[PDB]
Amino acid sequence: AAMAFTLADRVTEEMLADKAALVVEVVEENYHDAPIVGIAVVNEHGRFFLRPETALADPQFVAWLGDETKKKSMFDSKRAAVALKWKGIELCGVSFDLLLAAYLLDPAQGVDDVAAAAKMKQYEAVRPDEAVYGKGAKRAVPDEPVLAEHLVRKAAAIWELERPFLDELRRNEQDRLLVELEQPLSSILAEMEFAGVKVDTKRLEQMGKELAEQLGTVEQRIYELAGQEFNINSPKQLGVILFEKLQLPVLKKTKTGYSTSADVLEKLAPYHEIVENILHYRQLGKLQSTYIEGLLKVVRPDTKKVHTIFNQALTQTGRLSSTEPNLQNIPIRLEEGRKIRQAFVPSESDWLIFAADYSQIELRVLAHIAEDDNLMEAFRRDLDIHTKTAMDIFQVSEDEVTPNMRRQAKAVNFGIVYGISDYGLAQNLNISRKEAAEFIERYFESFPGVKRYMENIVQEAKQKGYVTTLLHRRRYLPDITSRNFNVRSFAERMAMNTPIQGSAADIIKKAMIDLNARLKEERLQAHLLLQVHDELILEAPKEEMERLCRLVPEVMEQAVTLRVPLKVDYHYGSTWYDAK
């Protein structure tokens, strides 16, 4: 049965009620400076469809959109907010976002459209967006009749589902998580994405030229050492050269052939000079193809800025993800790739980049949740946690801790946060499972609180069916009861890791909200540009650096109060690279 609605030719007063489900449709996946193809409004007075040219040009409708007292319920309000920002229109009063609500109720459902969220409550009177717009190559905006009904059905679904979703969130003790954390954060992310980050394209282009030269040199050296030319970028062709032509030992297999991952190559390096060259080629090619070429492809030709899109409803732990471009995995470990960051610069003259990061937030969160006396004392003394761990597990004084010992203790600490595994640790440290098991046993002997925590959280996940974070985010773990060891073990590691990674996510998200409130109170021109899980990157006039040095770390350190202090380090400079 068709859904009744008014195909309005002009905006009317009954369309501007103080409570409504609103749909401002942007079909392009990347919504930056993208077209708004249609608008739908459902309220106490009925259902309406408005053509964008009409509504967005109407003074009354625009005022309604920006009126904080006129409440709107939507799905992915950030998409609409940003698309409107590019049009110079402000969207206010969004009191309910179905996408974020669905995400909080169950991140594993992968809700990506109204139909998916609705199906959670057995509501199916709305079509999936993919069904209406098509996949990708066959993607397109249908004729007005089809488009209008779809937008109205989505608005109708939002209108009907708000109550049941809010009711379940309340039962889950997630009502404040939606209203006081995720929704306000959505507006902040919208501002960050819209602002974008300025890129020194000339510098990237120069780097591209330098890499192309090096890539060619190493490429030729590889053919020379191999005695023939082949496609180095093909793990298949490479494997033939390495394990057949050059007779290198096969220390590991993938699933469809020879394994050529860096970890494998590093072990084969001593056998042939070609290996070190393959690794070098790998490094350079990664920088060239993924970063230099990737960034240059998405930088806006006019402003020279990149506008990432932070997916706020994707990760299973509560973290954000970044796309087109992903600005959360820009090189930093190796100097060569790190220089890429010199191309990220302030958007205005005489401004600087400011970066603040939490020091060991995950281990501090673990200390808090496990209430481990030894771990809490370590952070209360602000000790080097890896040296501290080495001292305890290897039973030596601080002065006796050697570099190799600290390295292994660090690997142990990573395993503890990830969900410790003798096999996983053994693989990471290139030792036997028995040896890794011994390190783990020593760790739990030194940190009995952590041991108790890991045991208890797994039992809790089994009893309740899910685990939670400090701010009540949840993750269901049905595999925790599997009778398949590998499947169950993965779930157990998730039970151990999610409260840690997730609570750290909760904390920085709250810090972002608190920070923006403080920046506004102080009327600072400084503003957020990026978030990279445990760090915040801003840009601001050089004259604001001294104030930021005190303000940002304090806001981040005070976002939440734990049993151990939170510590934030900071740096600033002329480019992202220099903010070190």
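From 1 onward, residues are counted along the sequence shown. We call the rigid core whatever largest set of C-alpha positions still superposes within 1.5 Å between the two forms.
Engineer: Which stretch is less alike in 8 other deposited structures of this protein, 410 to 418 or 257 to 265, counting RMS CA distance after the rigid core is superposed?
Structural biologist: With the rigid core superposed, the C-alphas that lie farther in 8 other deposited structures of this protein are those of 257 to 265.
Engineer: When the core is superposed, where do the C-alphas shift more in 8 other deposited structures of this protein: in 220 to 228 or in 470 to 478?
Structural biologist: Between the two stretches, 220 to 228 moves farther in 8 other deposited structures of this protein.
Engineer: May I ask you to compare 471 to 479 and 135 to 143 by their mean CA B factor in the entry and name the higher one?
Structural biologist: Of 135 to 143 and 471 to 479, the stretch with the higher C-alpha B-factor average is 135 to 143.
Engineer: Mind pulling up the entry and telling me whether 331 to 339 or 308 to 316 has the higher mean Cα temperature factor?
Structural biologist: Mean B over CA atoms: larger for 331 to 339.
Engineer: If I read the C-alpha B-factors straight from the PDB entry, which of 172, 463, 322, 206 is highest?
Structural biologist: Going by the entry's C-alpha B-factors, 206 comes out highest.
Engineer: Highest CA temperature factor in the entry: which of 241, 375, 353, 114?
Structural biologist: Within the set 241, 375, 353, 114, 241 shows the top C-alpha B-factor.
Engineer: If you rank every modelled residue in this chain by C-alpha B factor, which third holds residue 270: lowest, middle or highest?
Structural biologist: As the PDB entry reports it, the C-alpha B-factor of residue 270 lands in the highest third of its chain.
Engineer: Select lowest, middle or highest to describe the third in which the CA B-factor of residue 527 falls within its chain in this entry.
Structural biologist: CA B-factor rank for residue 527: lowest third.
Engineer: Determine, from the deposited record, the chain-internal third of the Cα B-factor for residue 47: lowest, middle or highest.
Structural biologist: As the PDB entry reports it, the C-alpha B-factor of residue 47 lands in the highest third of its chain.
Engineer: For residue 15, return the chain-relative third of its C-alpha B-factor as stated in the PDB record: lowest, middle or highest.
Structural biologist: As the PDB entry reports it, the C-alpha B-factor of residue 15 lands in the highest third of its chain.
Engineer: Using the B-factor values recorded in the entry, state whether the Cα atom of residue 41 falls in the lowest, middle or highest third among the modelled residues of its chain.
Structural biologist: Middle third - that is where residue 41 ends up once the chain's C-alpha B-factors are sorted.
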